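Numbering of residues begins at 1 and proceeds along the displayed sequence. Keep in mind that the numbers below use all heavy atoms, side chains included, and drop hydrogens, waters and symmetry copies.
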Amino acid sequence: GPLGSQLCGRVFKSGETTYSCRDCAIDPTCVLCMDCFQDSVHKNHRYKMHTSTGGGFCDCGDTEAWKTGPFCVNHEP
Ligand SMILES: [Zn+2]
Ligand SMILES: [Zn+2]
Ligand SMILES: [Zn+2]
């Protein structure tokens with residue numbers, strides 16, 4: 001990204017698919033949007049899909065939310 005790494009920040013729409021990583025999330029509310037999940041190490045981990053009721057946002061790039069792989073390949077520095 002232009003300044004280095006990027007925070008995804010995608011705000012989910014109601015019904016949008018989201019993913020947590022049971023291995024890497026610091027807590028079960030840490031999630032990823034579909035693009036970040038598919039473009040991340042967590043696609044090969046023990047993930048758990050949850051449908052959003054809307055609002056809340058992707059935690060990709062939050063360097064304190066993930067025990068491994070805090071950035072997908074799109075958002076990494
Ligand atoms: Zn994202
Ligand atoms: Zn990302
Ligand atoms: Zn993971």
Side-chain angles (χ1 to χ4, degrees):
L3 285 161
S5 63
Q6 288 163 317
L7 278 175
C8 175
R10 160 120 189 128
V11 176
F12 303 120
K13 316 286 199 283
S14 303
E16 186 174 335
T17 300
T18 78
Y19 301 81
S20 193
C21 183
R22 299 168 56 203
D23 298 321
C24 304
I26 68 147
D27 79 59
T29 69
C30 297
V31 284
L32 297 171
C33 71
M34 182 174 303
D35 282 348
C36 294
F37 170 72
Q38 303 273 54
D39 297 345
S40 74
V41 68
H42 314 287
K43 73 169 135 312
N44 305 124
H45 292 174
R46 296 190 300 155
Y47 65 89
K48 170 166 200 243
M49 196 280 283
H50 282 320
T51 292
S52 175
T53 60
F57 47 110
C58 181
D59 299 303
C60 187
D62 181 342
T63 53
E64 291 188 3
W66 301 105
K67 300 186 250 212
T68 88
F71 296 100
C72 75
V73 298
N74 266 322
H75 294 133
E76 61 168 40

### Message
With a 4.5 Å cut-off on side-chain heavy atoms, are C60 and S40 touching?
### Response
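Side chain of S40 against side chain of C60, heavy atoms only: no contact under 4.5 Å found.
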
### Query
Do any pairs count as a ring-ring contact (aromatic ring centres under 6.0 Å, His included) and have a residue in residues 38-64, sequence neighbours left out, and if so which ones?
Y19-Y47, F37-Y47, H42-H45, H42-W66

### Message
Quick one: does any side-chain atom of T53 pair with a main-chain N or O of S14 as donor and acceptor, under 3.5 Å?
### Response
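No, because the side chain of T53 does not come within donor-acceptor range (under 3.5 Å) of the backbone of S14.
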
### Query
Taking the side chain from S20 and the backbone from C30, do they hold a donor-acceptor pair closer than 3.5 Å?
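Looks like yes, one N/O pair under 3.5 Å.
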
### Task
State which residues pass side-chain hydrogen bond (donor to acceptor under 3.5 Å, both in side chains) with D35; sequence neighbours excluded, sorted by chain then number.
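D35 satisfies side-chain hydrogen bond (donor to acceptor under 3.5 Å, both in side chains) with no residue once adjacent residues are dropped.
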
### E76: salt bridge (charged side-chain N to carboxylate O under 4.0 Å, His left out) partners, not counting sequence neighbours
none

### Pairing residues for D62 by the salt bridge (charged side-chain N to carboxylate O under 4.0 Å, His left out) criterion, not counting sequence neighbours
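Partners of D62 under the salt bridge (charged side-chain N to carboxylate O under 4.0 Å, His left out) test: none.
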
### Message
For a quick test of reading the model, state the closest non-hydrogen atom pair linking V11 to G55 and the distance between them.
### Response
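Nearest pair, atom of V11 first, then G55: CG1-CA, 4.1 Å.
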
### Query
What are the two closest non-hydrogen atoms of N74 and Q6, and how far apart are they?
O-OE1, 3.3 Å

### Task
Measure the spacing between CG of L32 and OG1 of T18 and express it to the nearest 0.5 Å.
8.5 Å

### Query
Can you list every pair that meets salt bridge (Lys or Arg N to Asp or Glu O under 4.0 Å) and has a residue in residues 36-56, with sequence neighbours left out?
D23-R46

### Message
Per the salt bridge (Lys or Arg N to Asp or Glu O under 4.0 Å) rule, what does the pair list look like for residues 1-16, sequence neighbours excluded?
### Response
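For residues 1-16, and leaving out neighbouring residues, the salt bridge (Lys or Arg N to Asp or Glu O under 4.0 Å) pairs sorted by first residue read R10-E16.
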
### ILVMFWY cluster membership beyond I26 - transitive side-chain contacts under 4.5 angstrom
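Listed partners: none, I26 stands alone.
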
### Query
Using links of under 4.5 Å between side-chain heavy atoms of ILVMFWY residues, direct or through other members, which residues join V31 in one cluster?
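Its cluster mates, by chain and number, are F12.
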
### side-chain contact (heavy atoms from CB on, under 4.5 Å) partners for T29, two or more places apart
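With sequence neighbours excluded, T29 shows a side-chain contact (heavy atoms from CB on, under 4.5 Å) to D27, given in chain and number order.
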
